[PDB]
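A, B, C, D, E and F label the chains in the order they appear, each numbered from 1.
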C-alpha cells in the first residue's frame, strides 16, 4: 500500500522560494536500498530529475540546478522537503514525488517505481510599475468633443492621478478596484477648448498614504481647427494605384505653415511630421510613402500645425481615399518532362506548370475533356510576390509516350486567355 | 552523455509492433528502465532493467538491449496504448540520473501510406525567359504531415523554397507540392539538386542532374 | 432656545461621525459652530476644510514637474476618512470638486438632523 | 521572439565566395540591412535597402533579395573578413526591429576537402555465422567533424551504431569509420541501407541493397 | 564626425534600475527622419534591440520588455536616458547607443548607421545561490592527518565562513578573490583528533557586512581509530575477475557494530553504508556489486561503526585490491567486397575487417608485406562490449581486378594468432 | 626626557595610518598609555580590543543553529580596515588569530618609534 502524498504552495511569486513537502506511508526510509526524490514536468514537455536522498544522508541534485535546489529529510515524521530558491516563470509545471530504489550497491543509479500524484505549480509572470496611458478614439480631437483618457495598470493600483505638463496642480484624481490585479481608470475631459492641448501624464499608487509610482509615458493631445488657413491634400500619382509604384502624398497650404501632420483615418501607429519647404507659390511638404502595398489603404487626412503653439492644428483637409488593387496577370504555361531517360519504368509522368496568375480560378484539362485517367491538378501555392502558381501531372503507360500525343489546355477566365502546350519527352 | 535521444513521434496501425529506441553514450555501462505516462495521469513503470519486467504489466511490453541503445517492443498495439514512453539511465560514472525526451505512440485509422514524389527539372523553354524552377510533387500519403528539404549538392538551400500546406484529395489521402526558384546561372553550376521529403518517419529522395539528363 | 443645544449637539455629532473627527475637534468646532451660524452649511464646510486642513490630504509636487508625493496629511484620520469616503470605485475628485461634495454631504447631514429633531 | 534565422556558422577557404542567407516571414514587405561585427569592436553597417552599399565599403561585398530571403556574398574573401554578420528588419507590422542570430565567417588555413565514403555489405560468409555488420569508411576530409547517421529503408536507425572520433592521419587530412551491427534476419528484411555523412553542411550518401548481394 | 559616447553605472545590484546616458554630437534630433536607440549584446551572443525614439514624441519598445523600459530625450542638451527597472544576472552585456534613420515614410523601419563604443554592464548575483562544500582526500581520516575543506561558489562570493554544528561561534573565516567565474576558499583543519566529528557547513557573502547566503549542504567528517575491535574484508569470488562476473564484497568481524562502510581509494564519492545481521556468531554485512567492469578497480577497505557515537569509525581493515580486466580473445577476420563492380570506375575498394580482439596492437599487411602503396588502416574502434575492431582497405585498379590475387595477413602477438583471408571479388 | 611626547606621537600616528582610525578617536589611547607601557605592544592591543570594539566586526549567530548575521558595528571604519588588511586572497582569520595578528602588527608600529627617536 505504498503511497506518496505531496502538498505545498501552488502559486509562488517570481524570485521567491518554493517549499513542497512529501509525506510517505508504507515504507521506512531507514531500510537499505531506498530513496525519495522529486521530478518535474513542464506542461507538455518531457520529465526532468531534480533531487534525491538515499537511506544514508546523501544528496544528489541535477547539475544544472545544484546551486538552487536543496533537499532535507526527516525520518521519524516521515517527511522530505524540497526548497527550490529562485522561481522564474519558466519553472511552472507538475512536481512528482517518487520512491527510488537502488539496483545494486555498485553505482547510485535508481529506478522510480511508486510515483506520487503531483501538484500544479504556477509562477506569476511579473508586474509593471509603470501605468499605461492610452486615449480613445485618437490623439486628434475636434474643438468640441468629450475626450476619455485611459490610465491603466497591472500592478494592483487603487488610485490614479492625472498631471498636465506645465501645471503645478494635479488636474484630476480617481480610483479603481484591483480586479484580479488589473486596474483601469477613465478620466473624462469635458468640452475641450484651445487650452486643453498638451502632454498629459498619469501616475499611480496603492493608497493615498503611499508613494506614487514612476510617471507614465507622456501622451500628446492635439486640438484641431484653431487656425484660419486651410490645407489641401493632393496625391501625385492617380488616386487609384497599382501595387508597387511608390505613392507620394503632398500637402499644400496658402499660409505660413511649418509642420504638416498626416494621419490615416483608421486606427494607425501614429501621425507623421515633416517641415515645410517654401516652393513656387505655396508652402508644402511631401511624404514619400515608398512602395505601397495592400496595407496602405484607407482615408488620409493632412493637418497643419505651427510651432508658435506646437499642440494646435488647422482644420482637417479634404479626405483622400487611397485604393490599392492587385492587377490581373496572364498565366504562362511551361511544359515539364520526366527528363531524357525514363527507361524500365512502366508508367511515366508528364505535366504542365502554370506560373504567375492572380485572379485565383485557373482550370487545366489535358487533351480537351479526355485523358481523365489520372489527371491530378495540385492545389496552388501563393508565392510571396502575390501571384499564384499550380501544376498538374498525368500518369501515362510508358510505350505510349512514344506515340500517344499528350497536350494540355489552360483556361484563366478573368484574363481571357486560353493557352495550349504540347509536352514531350526527348 | 547528458542527452538521451528518442524519436519525436511514432505512429502505428493496430496489430503491428511499435519499436521505441533510447540511444545514449551512458547506456553502455548503466541500466535503464521504461516509463509510460498516459495523458492526465502519473507515469507507471514498465520494465526495470535492460530486460526484466514487472509482474502486473501485460505480456505485450518486452524490452531489449543492443550496444549503446535500449529498445522497447509494444507487441500488438491496442487503442489503450496511446501515451508517452520515457527512458531512464544515469551518468557514465554512476551519478545524477537522466530522462529521455520521450516518444508518443499513437494509433492510426487508415493504414499508413508512403509518399510518391516526382521531381521535374526546368524545361529548356525556362531558360529563354531567364527563369528556372524545380517542381516537387507529393501525392497519395497519409496522414497529412510532411516537411520538404531542398538540397543542392547536399548543402541545404533555403532561398526561394515555397511549400503549400497538405490538402485533401478525393481518396482521403493528402497531397502537397513544393517549388524552388532559381536563376539560370545557378542551375548550370551545381552538380545535382535533390528534393527530400520526410514523412512521420521516412526520407524519400529524388535527384535531378542538370548536366546529365537535360 | 432649547433647540439650540439640541441643534448644536446633533450637528457636531453628525460631523464627528461622518468624518471621524477627533474628540478635541468637537470642542474646537463648538467654539466656532456657535448658534450664530448653524443655519448655513457653507460656513461650516469652509470651517472644516480650513481647520482640519483637508487641503493637505491631496498630493502635491515640489518642482514645476517632479513626481507627486503625499501631503502633510499622511496619517491624519481626516485624510483617510475622506479618501475612503469619496475616492471609491469610479469617483473623481479634483481641487474644485472636493468642497462641493463636502458641502453636499454636510448639508444633507445637517438638514436630516435638524428635521429629525423637529 | 525573433523570426529571422541564419546559419550558425560558415567556413570558406581564402579566395572563394561565401554566401550568407537569412530568411523570415517579414522580409517580404520590409527592407533589410547587413551588419559586420569584428571581435570586440562595434558593428559597422555594410548594405542597406538590400541592394545598396556604403561609399566606404570594399567592392567585394554585394547583396540581393530572393523573395523572403536576403543573401550577402563576400566575393574573394580575404583574411581580414573574419567576423559575425547580422541582418536586421522590421516585423510584419513595421513597428519593431528584429536582428538575426548571425553567422560567423571563418577562413581556413588549409583548403577544404570532401569526404570519400565507401560502404561495404556484410560478407557472404557472415550470414552463415549468423552475424551481420555493415561498414562505412570515411577518408581524407578536413576539418575533422563528421556525424554518421545510418538510415535503413529511409528511416533512422540508432540501435547498433558504433563510431570513433576523427583521428590524425599520416597525410594532413583526418579520417574516421563507423560500424553497424545487424541480426541477419533484419539485414535481409529491409530493402536498402545507407550511410549518411555530414561534413561542414554538405551531405554525402552511399547505398547498398540486400537483393544486389546477400 | 558623428560620435556617440555612452556613460553610466557599470556595477548594479540585482533589483535596482540601470540608467545609461547617451551623448551625441554632430546631428540634432530635430532633423526629420532621424532617431536614437539602444542595442544590447550579451557576452558572445546575437544582438538584441531594446528601445528607440524618433524625431518625435514616439517611442518603440521591444514587445517582451515593454513593461520594464523607459526611454526619454532632451533635445536642448543632446542626450538620451534609458532605464531598465528589474535587472537580473542574465541582463548583462555591452549596451550600445546607436544612430538611426527611416528608410521611407509609411513603415517605421530603420537602419542603424553610426554606432557607439561598448559600455560593459555587470549585475552582481544576489545571496540566493548556496556554496558547495567538498573535502579531500576523503570524508574519513586517520586521527593524525589534516583536512582541507573546499567551499566553492558560482556567484562571486568574496568571504566564506565555516560553521561546525554543535558549537556556538564560527570555526574559521577566510576570503578568496572572485576569479572570472568561480571563487574558492581552502579552510585547513588542524591535526585531527576525536572531537572533529560532526556536520560542517559554510556560508558566503559579498563582504563581511552583508547578508549571508543560504547554508551549504552538511558535510559529514568521520574520524577512524577510536574503537578497540577490528574488522576484516574478503571477496566471495577470486580477487581477479573477468569483467562480467557477480562480485560480492563481504565485511565480517566480532564486536557489536551495527553499521559498516566500504570505501574505494582514489575516489571522493560518498562511502557505502549498510546494517549488520548476526550470522554464525559473527556480525557481517554483504555488499552486492552486481556486474563489474574496469571502473570498479582499485583497493577497497572496510570500516565499522556504532550508533552511540555517530561520527566514530573502527580501525581501518586490511586492503583487498580488486583487479578487473577483460580476457584476450584473438581476432576473427572477415572478407568484404563491394559486390557492385560498376564498370564506370577505375579503382575498386577491396578490404578486410578484424572484428573482435582485446589486446590493443594488431597489424594488417597485404600479400605478405607487398603492396605498401594504396593501403589504408583505420584506427581501432572500442566497442561497447570492450573488444576492439579494425578495418583496412586497398584501392586497386579496375584492370588489376581479375587474375590478380589479393589477400590480407593479420597478427595479434598477445594471442599468438596469424590468420590469412583472401578477399575474392564477387 | 623629550621622547615621552615622541613615544605617544609616533604610535598615535601609526595607529591612525594602519587601521584607518578616525582623528577624533585616536587620542583615547593616550589616557590608557604612559612612558613605561608603550614599549610592550600587547597593552596597545588590549586597549584597542577593549575600546574600539573589534569584537563586533566578526559575524555572530542569533540563536544556536541559525543563519549568521553581520556584527553590530559592521559599518564602523575599523571593521573596514580589518577586512582590507587581514582578509583578501589567500588569508584565514580565526577567532584567536585576530588578536595575534593585531599584536604582531602593533609590534612593528611600536618598534618604529624606538628606531626613529634616537
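What we mean here is this: a residue touches a chain if its C-beta (ideal position, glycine included) is under 8 Å from a C-beta of that chain, and two chains touch if they have at least 3 such contacts.
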Of B-E and A-C, pair with higher C-beta contact tally: A-C
Residue-number overlap at the chain B/chain D interface, same or different (half cut): same
Distance between chain centroids, defined by C-alpha means - chain A, chain D (Å): 32
Geometric centre distance via CA averages, chain F-chain E, whole Å: 46
Whole-Å separation of chain centres (CA-atom averages), chain C against chain E: 72
CA centroid of chain D to CA centroid of chain E, Å: 28
Shared interface positions of chain B, touching two or more other chains: 67-68, 93-94, 162
In chain E, residues with contacts to at least two other chains: 103, 107-108, 383-384
Residues of chain F engaged with two or more neighbouring chains: none
Contact set on chain F toward chain E in their complex: 57-61, 64-65, 67-70, 74-75, 79, 83, 87-95
Interface residues, chain D side, partner chain A - complex: 28-29, 67-68, 95
Residue ranges of chain A touching chain B (in the complex, touch as defined): 39, 46-49, 52, 60-63, 96, 103, 106-113, 115-118, 332, 334-341, 349, 351, 353, 355, 376, 378-381, 383-384, 389, 391, 393
Residue ranges of chain A in contact with chain E within the complex: 32, 55-59, 66-68, 70, 85-86, 103-106, 126-130, 199, 214, 217-218, 220, 246, 269-270, 272-275, 287-290, 292, 296
Parts of chain A lying in touch with chain C, wherever the complex brings them together: 159, 161, 163, 165-166, 168-177, 187-188, 203, 207-212, 214-215
